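Reading through the structure tokens given below for one structure.
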Amino acid sequence: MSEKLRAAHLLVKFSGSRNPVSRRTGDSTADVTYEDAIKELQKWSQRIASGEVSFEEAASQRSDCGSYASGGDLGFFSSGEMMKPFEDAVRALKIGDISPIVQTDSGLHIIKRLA
């Protein structure tokens, strides 16, 4: 029951990740690798978890995905409406839970369930 979900996600792009331009670089993220990207995502995913910054604060600046202008959080969607490894993580956490560094087609993600 209840197919509708709400979640917040961050997206990091890296040199060669199909699209070498992040909202965090604006021009190109072709200088940062998947390692440097994980190095970065793991810090924001850390701070968001530790309480240094909120997902919103990190996402709006760092996330290359359109949710940068939304606060990282998305609206309501039907379970399975996202990406395979993305939704895999979303279902793997409840409200208030954040997922470990999950890579995707075009880069890196961390997601937390809002509802």
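Naming works like this for the structure tokens: A, B, ... for the chains as they're shown, residue 1 at the start of each chain, ligands 1 onward in shown order.
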Picked from segment 8-83 of chain A by DSSP as strand (DSSP E or B), as a short mmCIF file (atom, residue, chain, number, x, y, z; two decimals) with C-alpha atoms, in the first residue's frame:
```
data_model
loop_
_atom_site.label_atom_id
_atom_site.label_comp_id
_atom_site.auth_asym_id
_atom_site.auth_seq_id
_atom_site.Cartn_x
_atom_site.Cartn_y
_atom_site.Cartn_z
CA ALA A 8 15.66 14.17 -1.25
CA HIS A 9 18.72 13.38 -3.34
CA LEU A 10 22.13 14.79 -4.20
CA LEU A 11 23.92 14.35 -7.54
CA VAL A 12 27.64 14.69 -8.16
CA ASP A 73 13.99 17.30 -1.84
CA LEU A 74 11.65 16.06 -4.49
CA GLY A 75 7.89 15.80 -4.48
CA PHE A 76 5.75 12.70 -4.32
CA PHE A 77 6.49 9.91 -6.78
CA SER A 78 5.45 6.34 -7.34
#
```
For residue 110 of chain A, please output as a CSV table (one decimal) with N, CA and C atoms, in the first residue's frame all residues within 9 Å (counting only C-alpha atoms; exclusion window: fewer than 6 positions along the same chain).
```csv
chain,number,residue,atom,x,y,z
A,8,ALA,N,14.7,13.1,-0.9
A,8,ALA,CA,15.7,14.2,-1.3
A,8,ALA,C,17.0,13.5,-1.7
A,9,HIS,N,17.6,14.0,-2.8
A,9,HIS,CA,18.7,13.4,-3.3
A,9,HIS,C,19.8,14.4,-3.8
A,10,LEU,N,21.0,14.0,-3.8
A,10,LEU,CA,22.1,14.8,-4.2
A,10,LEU,C,22.8,14.1,-5.4
A,11,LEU,N,23.3,14.9,-6.3
A,11,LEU,CA,23.9,14.3,-7.5
A,11,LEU,C,25.3,15.0,-7.8
A,41,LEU,N,31.2,13.6,-2.3
A,41,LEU,CA,29.9,13.1,-2.0
A,41,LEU,C,29.9,12.6,-0.5
A,42,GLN,N,31.0,11.9,-0.2
A,42,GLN,CA,31.2,11.3,1.1
A,42,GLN,C,31.3,12.3,2.2
A,45,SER,N,27.5,13.8,2.3
A,45,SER,CA,26.8,12.7,2.9
A,45,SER,C,27.2,12.5,4.4
A,86,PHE,N,19.0,4.0,-7.6
A,86,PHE,CA,18.5,5.1,-6.8
A,86,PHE,C,17.3,4.7,-5.9
A,89,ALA,N,17.9,2.4,-3.2
A,89,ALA,CA,18.3,3.0,-1.9
A,89,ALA,C,17.1,3.6,-1.2
A,98,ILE,N,19.2,8.2,5.5
A,98,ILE,CA,20.0,8.6,4.3
A,98,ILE,C,20.7,7.3,3.8
A,99,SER,N,20.9,7.3,2.5
A,99,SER,CA,21.5,6.1,1.8
A,99,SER,C,23.0,6.3,1.7
A,100,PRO,N,23.8,5.2,1.6
A,100,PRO,CA,25.2,5.3,1.3
A,100,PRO,C,25.4,5.7,-0.1
A,101,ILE,N,26.7,6.2,-0.4
A,101,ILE,CA,27.1,6.6,-1.7
A,101,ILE,C,26.6,5.6,-2.8
A,102,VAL,N,25.6,6.0,-3.6
A,102,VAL,CA,25.1,5.2,-4.7
A,102,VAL,C,25.5,5.8,-6.0
A,103,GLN,N,26.2,5.1,-6.9
A,103,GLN,CA,26.5,5.6,-8.2
A,103,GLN,C,25.4,5.3,-9.2
```
* **Atom pair atom CA of residue 25 of chain A / atom CA of residue 13 of chain A: separation (Å)** =>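 Atom CA of residue 13 of chain A lies 9.2 Å from atom CA of residue 25 of chain A.
Remark: for residue 35 of chain A, the closest of the candidate residues A:5, A:108, A:82, A:48 is A:108 (distances computed over only C-alpha atoms).
Minimum distance to residue 27 of chain A across A:109, A:51, A:64, A:97 (counting only C-alpha atoms) occurs at A:64.
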* **Best match for closeness to residue 94 of chain A among A:22, A:7, A:40, A:1, counting only C-alpha atoms** => A:7
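Using only C-alpha atoms for every distance, the candidate list A:29, A:112, A:62, A:18 yields A:62 as the residue closest to residue 43 of chain A.
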* Expressed in Å to a single decimal, how great is the separation between atom CA of residue 79 of chain A and atom CA of residue 6 of chain A? -> 9.4 Å
* To do: Tell me which protein, DNA and RNA residues are within 9 Å of residue 56 of chain A, counting only C-alpha atoms, leaving out same-chain ones fewer than 2 positions away, and put them as a ChimeraX atom specification.
  => /A:8,48,53-54,58-61,68,70-73
May I have the selected residues written with N, CA, C and O atoms, as a short mmCIF file (atom, residue, chain, number, x, y, z; two decimals), in the first residue's frame?
```
data_model
loop_
_atom_site.label_atom_id
_atom_site.label_comp_id
_atom_site.auth_asym_id
_atom_site.auth_seq_id
_atom_site.Cartn_x
_atom_site.Cartn_y
_atom_site.Cartn_z
N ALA A 8 14.70 13.14 -0.89
CA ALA A 8 15.66 14.17 -1.25
C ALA A 8 16.97 13.53 -1.68
O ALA A 8 17.44 12.59 -1.04
N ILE A 48 25.71 15.91 6.24
CA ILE A 48 24.26 15.77 6.30
C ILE A 48 23.88 14.77 7.40
O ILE A 48 22.86 14.94 8.08
N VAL A 53 25.83 20.16 8.10
CA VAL A 53 24.91 20.84 7.20
C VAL A 53 23.71 19.96 6.94
O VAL A 53 23.78 18.74 7.12
N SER A 54 22.61 20.56 6.52
CA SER A 54 21.44 19.79 6.17
C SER A 54 21.55 19.33 4.72
O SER A 54 22.40 19.83 3.97
N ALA A 58 23.49 21.37 1.43
CA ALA A 58 24.45 20.72 0.56
C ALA A 58 23.92 20.62 -0.87
O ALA A 58 24.60 21.01 -1.82
N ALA A 59 22.70 20.13 -1.01
CA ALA A 59 22.11 19.87 -2.32
C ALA A 59 22.03 21.13 -3.17
O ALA A 59 22.53 21.15 -4.29
N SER A 60 21.42 22.18 -2.64
CA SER A 60 21.21 23.43 -3.37
C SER A 60 22.48 23.98 -4.01
O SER A 60 22.41 24.71 -5.00
N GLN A 61 23.63 23.63 -3.47
CA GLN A 61 24.89 24.12 -4.01
C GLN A 61 25.59 23.02 -4.80
O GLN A 61 26.05 23.23 -5.92
N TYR A 68 18.62 21.06 -6.85
CA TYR A 68 19.47 22.10 -6.27
C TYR A 68 18.65 23.35 -5.97
O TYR A 68 18.89 24.05 -4.99
N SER A 70 15.49 23.30 -5.32
CA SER A 70 14.33 22.87 -4.56
C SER A 70 14.70 22.58 -3.11
O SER A 70 13.83 22.50 -2.24
N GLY A 71 15.99 22.44 -2.85
CA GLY A 71 16.46 22.10 -1.52
C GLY A 71 16.82 20.63 -1.42
O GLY A 71 16.87 20.06 -0.33
N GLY A 72 17.06 20.01 -2.57
CA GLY A 72 17.45 18.62 -2.60
C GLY A 72 16.26 17.68 -2.59
O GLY A 72 16.33 16.57 -3.12
N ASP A 73 15.17 18.14 -2.00
CA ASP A 73 13.99 17.30 -1.84
C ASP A 73 13.10 17.35 -3.06
O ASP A 73 12.93 18.39 -3.69
#
```
